[PDB]
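Coordinates from data17.cif are shown below (mmCIF, C-alpha atoms and all ligand atoms).
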data_query
#
loop_
_atom_site.label_atom_id
_atom_site.label_comp_id
_atom_site.auth_asym_id
_atom_site.auth_seq_id
_atom_site.Cartn_x
_atom_site.Cartn_y
_atom_site.Cartn_z
CA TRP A 5 -28.81 -23.33 -26.89
CA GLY A 6 -29.18 -19.74 -28.05
CA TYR A 7 -29.11 -17.71 -31.25
CA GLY A 8 -25.38 -17.27 -31.59
CA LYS A 9 -23.09 -18.89 -34.15
CA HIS A 10 -21.86 -21.61 -31.79
CA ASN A 11 -25.24 -22.34 -30.18
CA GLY A 12 -27.53 -21.20 -32.95
CA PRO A 13 -30.59 -22.93 -34.49
CA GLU A 14 -28.23 -24.88 -36.75
CA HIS A 15 -26.87 -26.71 -33.69
CA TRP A 16 -30.14 -27.49 -31.92
CA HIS A 17 -30.42 -30.83 -33.73
CA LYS A 18 -27.60 -32.22 -31.57
CA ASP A 19 -29.50 -31.84 -28.28
CA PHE A 20 -32.95 -31.91 -29.83
CA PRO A 21 -33.02 -34.45 -32.69
CA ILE A 22 -36.65 -33.51 -33.23
CA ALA A 23 -35.40 -30.29 -34.84
CA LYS A 24 -35.23 -32.35 -37.98
CA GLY A 25 -38.81 -33.62 -37.47
CA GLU A 26 -41.66 -33.91 -39.89
CA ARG A 27 -43.77 -31.05 -38.50
CA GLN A 28 -41.32 -28.33 -37.51
CA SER A 29 -42.07 -24.59 -37.10
CA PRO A 30 -41.77 -22.02 -38.47
CA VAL A 31 -42.59 -22.37 -42.13
CA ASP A 32 -42.96 -20.07 -45.14
CA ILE A 33 -46.58 -19.39 -46.05
CA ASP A 34 -47.05 -19.46 -49.79
CA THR A 35 -50.36 -17.61 -50.19
CA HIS A 36 -50.89 -19.18 -53.66
CA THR A 37 -50.39 -22.76 -52.47
CA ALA A 38 -52.39 -22.21 -49.26
CA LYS A 39 -55.76 -23.93 -49.64
CA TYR A 40 -58.94 -22.09 -48.70
CA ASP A 41 -61.01 -24.43 -46.52
CA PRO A 42 -64.67 -23.45 -46.40
CA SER A 43 -65.36 -25.79 -43.44
CA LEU A 44 -63.13 -23.54 -41.26
CA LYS A 45 -65.06 -21.83 -38.46
CA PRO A 46 -64.32 -18.32 -37.17
CA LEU A 47 -61.83 -17.78 -34.41
CA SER A 48 -63.17 -17.27 -30.90
CA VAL A 49 -60.85 -15.11 -28.69
CA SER A 50 -62.23 -14.38 -25.24
CA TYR A 51 -59.67 -12.33 -23.25
CA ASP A 52 -62.06 -9.95 -21.48
CA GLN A 53 -61.41 -11.71 -18.15
CA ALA A 54 -57.66 -12.14 -18.70
CA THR A 55 -55.28 -11.74 -15.69
CA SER A 56 -51.64 -11.00 -16.31
CA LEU A 57 -49.31 -11.60 -13.29
CA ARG A 58 -45.76 -10.85 -14.34
CA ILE A 59 -43.12 -10.26 -16.99
CA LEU A 60 -39.92 -12.27 -17.07
CA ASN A 61 -36.61 -12.31 -18.92
CA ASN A 62 -35.87 -16.02 -19.43
CA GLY A 63 -32.71 -15.36 -21.44
CA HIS A 64 -34.11 -15.80 -24.96
CA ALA A 65 -37.14 -13.51 -24.70
CA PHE A 66 -39.45 -11.76 -22.23
CA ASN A 67 -42.65 -13.54 -21.15
CA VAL A 68 -45.94 -12.06 -19.99
CA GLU A 69 -47.54 -14.74 -17.86
CA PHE A 70 -51.23 -15.05 -17.17
CA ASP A 71 -53.30 -16.81 -14.56
CA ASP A 72 -54.52 -20.06 -16.20
CA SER A 73 -56.00 -21.80 -13.13
CA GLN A 74 -59.35 -20.99 -14.72
CA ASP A 75 -60.90 -20.36 -18.11
CA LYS A 76 -60.28 -16.61 -17.87
CA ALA A 77 -58.74 -15.97 -21.28
CA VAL A 78 -59.65 -18.66 -23.84
CA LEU A 79 -59.12 -19.47 -27.51
CA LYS A 80 -61.61 -21.77 -29.26
CA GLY A 81 -63.44 -22.03 -32.62
CA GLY A 82 -61.44 -21.94 -35.83
CA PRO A 83 -59.41 -25.10 -36.49
CA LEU A 84 -59.51 -25.98 -32.82
CA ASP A 85 -61.55 -28.62 -30.98
CA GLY A 86 -62.32 -27.63 -27.35
CA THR A 87 -60.99 -24.81 -25.17
CA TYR A 88 -57.42 -23.56 -25.00
CA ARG A 89 -56.14 -21.35 -22.17
CA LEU A 90 -53.80 -18.38 -22.41
CA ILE A 91 -50.73 -19.08 -20.32
CA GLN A 92 -48.23 -16.60 -21.78
CA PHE A 93 -47.18 -14.44 -24.68
CA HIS A 94 -43.76 -13.42 -26.05
CA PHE A 95 -42.17 -11.87 -29.11
CA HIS A 96 -39.42 -12.53 -31.65
CA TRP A 97 -37.69 -9.45 -33.11
CA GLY A 98 -34.73 -8.63 -35.34
CA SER A 99 -31.62 -6.45 -35.18
CA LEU A 100 -33.12 -4.50 -38.07
CA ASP A 101 -36.68 -3.86 -39.25
CA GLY A 102 -36.05 -6.22 -42.20
CA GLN A 103 -36.08 -9.35 -40.07
CA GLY A 104 -37.47 -10.62 -36.74
CA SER A 105 -40.47 -12.80 -37.60
CA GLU A 106 -40.17 -16.59 -37.57
CA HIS A 107 -43.05 -16.99 -39.99
CA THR A 108 -42.87 -15.34 -43.42
CA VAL A 109 -45.53 -14.63 -46.09
CA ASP A 110 -44.46 -15.24 -49.67
CA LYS A 111 -40.91 -15.26 -48.28
CA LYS A 112 -41.42 -11.88 -46.61
CA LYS A 113 -40.20 -11.21 -43.09
CA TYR A 114 -41.55 -8.72 -40.57
CA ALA A 115 -39.94 -6.64 -37.79
CA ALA A 116 -41.24 -9.05 -35.15
CA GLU A 117 -43.71 -11.79 -34.26
CA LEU A 118 -46.06 -12.07 -31.31
CA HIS A 119 -46.90 -15.54 -30.06
CA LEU A 120 -49.80 -16.14 -27.65
CA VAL A 121 -49.51 -19.62 -26.17
CA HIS A 122 -52.54 -21.74 -25.20
CA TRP A 123 -52.82 -25.34 -23.93
CA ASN A 124 -55.74 -27.74 -24.38
CA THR A 125 -57.51 -27.55 -21.01
CA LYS A 127 -58.88 -31.75 -21.70
CA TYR A 128 -55.25 -32.35 -20.57
CA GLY A 129 -55.54 -30.53 -17.30
CA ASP A 130 -52.15 -28.78 -17.14
CA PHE A 131 -49.52 -27.35 -19.48
CA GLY A 132 -46.95 -30.10 -18.82
CA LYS A 133 -49.40 -32.73 -20.16
CA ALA A 134 -50.40 -30.79 -23.27
CA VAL A 135 -46.78 -30.96 -24.61
CA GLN A 136 -47.28 -34.77 -24.58
CA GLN A 137 -50.18 -34.47 -27.02
CA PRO A 138 -50.38 -33.77 -30.80
CA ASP A 139 -53.18 -31.26 -30.24
CA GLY A 140 -51.98 -30.08 -26.80
CA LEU A 141 -51.12 -26.48 -27.78
CA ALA A 142 -52.59 -23.62 -29.76
CA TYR A 143 -50.43 -20.74 -30.90
CA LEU A 144 -51.67 -17.34 -32.08
CA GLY A 145 -49.09 -15.83 -34.45
CA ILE A 146 -49.35 -12.09 -35.01
CA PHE A 147 -46.87 -10.24 -37.22
CA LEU A 148 -45.52 -6.81 -36.34
CA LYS A 149 -44.52 -4.13 -38.84
CA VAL A 150 -42.82 -0.81 -38.23
CA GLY A 151 -45.13 2.20 -38.73
CA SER A 152 -47.42 3.89 -36.22
CA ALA A 153 -47.17 3.21 -32.47
CA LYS A 154 -49.46 0.56 -30.99
CA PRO A 155 -50.92 2.21 -27.90
CA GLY A 156 -51.85 -1.06 -26.20
CA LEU A 157 -48.19 -2.16 -26.31
CA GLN A 158 -46.65 0.73 -24.37
CA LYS A 159 -47.19 -0.77 -20.88
CA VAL A 160 -44.90 -3.61 -21.89
CA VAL A 161 -42.34 -1.28 -23.46
CA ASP A 162 -42.04 0.80 -20.26
CA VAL A 163 -41.45 -2.18 -17.98
CA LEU A 164 -38.54 -3.65 -20.00
CA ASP A 165 -35.91 -1.62 -18.11
CA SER A 166 -36.87 -3.64 -15.08
CA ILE A 167 -36.10 -7.00 -16.70
CA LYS A 168 -33.03 -5.94 -18.68
CA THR A 169 -31.07 -9.07 -17.75
CA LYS A 170 -31.76 -12.82 -17.58
CA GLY A 171 -33.56 -14.04 -14.47
CA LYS A 172 -35.18 -10.69 -13.76
CA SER A 173 -38.96 -10.44 -13.34
CA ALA A 174 -41.48 -7.80 -12.36
CA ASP A 175 -45.15 -7.67 -11.35
CA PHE A 176 -47.34 -7.08 -14.41
CA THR A 177 -51.04 -7.06 -13.59
CA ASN A 178 -54.05 -5.51 -15.32
CA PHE A 179 -52.63 -6.06 -18.82
CA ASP A 180 -55.25 -6.69 -21.56
CA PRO A 181 -53.97 -8.70 -24.48
CA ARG A 182 -56.96 -7.49 -26.53
CA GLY A 183 -54.89 -4.37 -27.24
CA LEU A 184 -52.47 -6.49 -29.30
CA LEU A 185 -54.86 -8.07 -31.82
CA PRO A 186 -55.27 -6.81 -35.36
CA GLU A 187 -58.68 -5.75 -36.72
CA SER A 188 -59.26 -8.94 -38.69
CA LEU A 189 -59.14 -12.53 -37.42
CA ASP A 190 -58.56 -14.05 -40.87
CA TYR A 191 -55.92 -16.80 -40.61
CA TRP A 192 -53.81 -19.58 -42.05
CA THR A 193 -53.53 -22.82 -40.09
CA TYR A 194 -51.21 -25.83 -40.15
CA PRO A 195 -49.83 -28.51 -37.79
CA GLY A 196 -46.45 -27.49 -36.25
CA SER A 197 -44.23 -27.28 -33.22
CA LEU A 198 -42.52 -24.91 -30.79
CA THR A 199 -39.91 -22.70 -32.38
CA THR A 200 -37.68 -23.18 -29.31
CA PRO A 201 -36.31 -26.31 -27.65
CA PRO A 202 -37.68 -28.72 -26.65
CA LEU A 203 -39.19 -28.13 -30.13
CA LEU A 204 -41.98 -30.57 -29.32
CA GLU A 205 -44.38 -31.10 -32.22
CA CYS A 206 -47.55 -30.43 -30.24
CA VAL A 207 -48.73 -27.13 -31.74
CA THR A 208 -51.66 -26.12 -33.95
CA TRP A 209 -50.56 -22.91 -35.68
CA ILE A 210 -52.89 -20.04 -36.26
CA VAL A 211 -51.11 -17.19 -38.04
CA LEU A 212 -53.23 -14.09 -38.59
CA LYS A 213 -53.14 -12.48 -42.06
CA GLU A 214 -53.30 -8.86 -40.90
CA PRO A 215 -50.23 -7.44 -39.14
CA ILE A 216 -50.20 -4.93 -36.33
CA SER A 217 -48.00 -1.82 -36.72
CA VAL A 218 -45.69 -0.58 -34.01
CA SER A 219 -43.40 2.46 -33.83
CA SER A 220 -39.65 2.36 -34.44
CA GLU A 221 -39.05 3.57 -30.84
CA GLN A 222 -41.29 0.73 -29.51
CA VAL A 223 -39.35 -1.99 -31.38
CA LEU A 224 -36.11 -0.33 -30.25
CA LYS A 225 -36.80 -0.97 -26.58
CA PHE A 226 -36.88 -4.70 -27.36
CA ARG A 227 -33.38 -4.59 -28.75
CA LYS A 228 -32.05 -3.10 -25.50
CA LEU A 229 -32.63 -6.33 -23.62
CA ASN A 230 -29.91 -8.76 -22.61
CA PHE A 231 -29.49 -12.47 -23.26
CA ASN A 232 -26.89 -12.46 -20.44
CA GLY A 233 -27.47 -12.37 -16.69
CA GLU A 234 -26.55 -9.43 -14.50
CA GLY A 235 -22.80 -9.03 -13.98
CA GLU A 236 -21.89 -10.73 -17.26
CA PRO A 237 -20.59 -9.26 -20.51
CA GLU A 238 -23.51 -7.65 -22.32
CA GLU A 239 -25.04 -9.60 -25.24
CA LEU A 240 -28.01 -7.76 -26.72
CA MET A 241 -31.22 -9.73 -27.18
CA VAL A 242 -31.85 -9.35 -30.90
CA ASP A 243 -32.50 -11.87 -33.71
CA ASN A 244 -34.15 -14.37 -31.31
CA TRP A 245 -35.91 -16.00 -34.25
CA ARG A 246 -35.68 -19.43 -35.95
CA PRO A 247 -35.37 -19.82 -39.72
CA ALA A 248 -38.29 -21.34 -41.67
CA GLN A 249 -38.31 -25.11 -41.88
CA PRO A 250 -39.50 -27.57 -44.58
CA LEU A 251 -43.25 -27.93 -44.75
CA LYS A 252 -42.70 -31.54 -45.72
CA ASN A 253 -46.00 -32.67 -47.21
CA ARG A 254 -48.00 -30.64 -44.71
CA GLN A 255 -50.74 -28.45 -46.09
CA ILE A 256 -51.47 -24.89 -45.01
CA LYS A 257 -55.14 -23.97 -44.95
CA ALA A 258 -56.69 -20.51 -45.19
CA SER A 259 -59.93 -19.31 -43.57
CA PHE A 260 -60.18 -16.74 -46.36
HG HG A 301 -46.65 -33.39 -28.58
ZN ZN A 302 -42.44 -17.87 -29.82
#

Any chance you could give the structure as structure tokens?
Amino acid sequence: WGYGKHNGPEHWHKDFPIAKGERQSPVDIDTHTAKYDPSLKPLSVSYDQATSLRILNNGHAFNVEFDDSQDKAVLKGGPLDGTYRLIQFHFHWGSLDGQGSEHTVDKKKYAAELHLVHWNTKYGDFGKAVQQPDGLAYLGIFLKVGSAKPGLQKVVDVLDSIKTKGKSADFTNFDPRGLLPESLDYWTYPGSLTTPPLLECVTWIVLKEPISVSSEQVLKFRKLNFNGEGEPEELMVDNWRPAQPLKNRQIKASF
């Protein structure tokens, strides 16, 4: 699988039949159809004790991994029931500033999309959460081109080190709190992973307010390689999956 024409999203259904499931992600968020649910509690993000370990190029993105052997960085409140632990974060960007996001608002697409992945700690490990309908919690944050995001530069500088697939580098003392928008207002719906296995275990929480980043910041992303070292260079761009059918699902708003 990949994002090319011969291994693109439109071919995933052959290896991952679930790609044609009933609760697939991403979806288009129709702000007029979204239903404001008053009984929705405020989001609770506690990343003050977060501990990043490394950054890795897995061939379809770059992952910032965190230490989740303890309730260091947690996500609770909101639509969620219990504690969810931060395991890793990654992005989805385009070839141009006109595309890159997996999620869209009123059919609009952003430069990129930040996804912070959390697993329901009553399941004890990550591997077991994927086996549950409420095993994961995803924080979707949209990125627009404008002013530079200061708290994102550490990441942008290390990319040269993980240019190719398989590469990794130590990445400690990184505070994810520098990547959140001002407001925690969100939309929530039942979904899945936007990459194979495409398991339908995720509880989506897409924040309303986007974070701006500079054109030179987004450009560093696009300099990454899908390919492994010593292989023909295939730039890591357009690593996003097209919106899927909501199929009866309902998208709720906290605002
Ligand atoms: Hg699941
Ligand atoms: Zn993602």

task = Could you please give me, as a VMD selection string, the residues of protein, DNA or RNA lying at most 8 Å from (-40.4, -11.8, -9.4) in the coordinate frame of the file, considering only C-alpha atoms?
result = chain A and resid 58 60 172 to 175

note = Between atom CA of residue 111 of chain A and atom CA of residue 63 of chain A lies a distance of 28.1 Å

request  = Can you tell me which residues come within 8 Å of ligand ZN 302 (chain A) when counting only C-alpha atoms and all ligand atoms, ideally as a ChimeraX atom specification?
outcome  = /A:93-96,117-120,198-200

request  = Measure the distance from atom CA of residue 168 of chain A to atom CA of residue 59 of chain A in Å and round it to one decimal.
outcome  =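 Distance between the two atoms: 11.1 Å.
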
task = Kindly indicate which residue among A:235, A:21, A:186, A:181 lies nearest to residue 54 of chain A, using all atoms listed in the file for the distances.
result = A:181

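Residues lying within 8 Å of residue 140 of chain A, counting only C-alpha atoms and ignoring same-chain neighbours fewer than 4 positions away, are residues 123, 124, 128, 133, 134, 135, 136, 206 and 207 of chain A.
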
ask   = Counting all atoms listed in the file, what is within 7 Å of residue 41 of chain A, bar same-chain residues fewer than 3 positions away, as a VMD selection string?
value = chain A and resid 44 257 to 259

task = Just give me the gap between atom CA of residue 45 of chain A and atom CA of residue 81 of chain A in Å, one decimal is fine.
result = 6.1 Å

inquiry  = For a quick check of understanding, using only C-alpha atoms, which of A:160, A:97, A:208, A:166 has the smallest distance to residue 122 of chain A?
reply    =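 Closest to residue 122 of chain A, using only C-alpha atoms: A:208.
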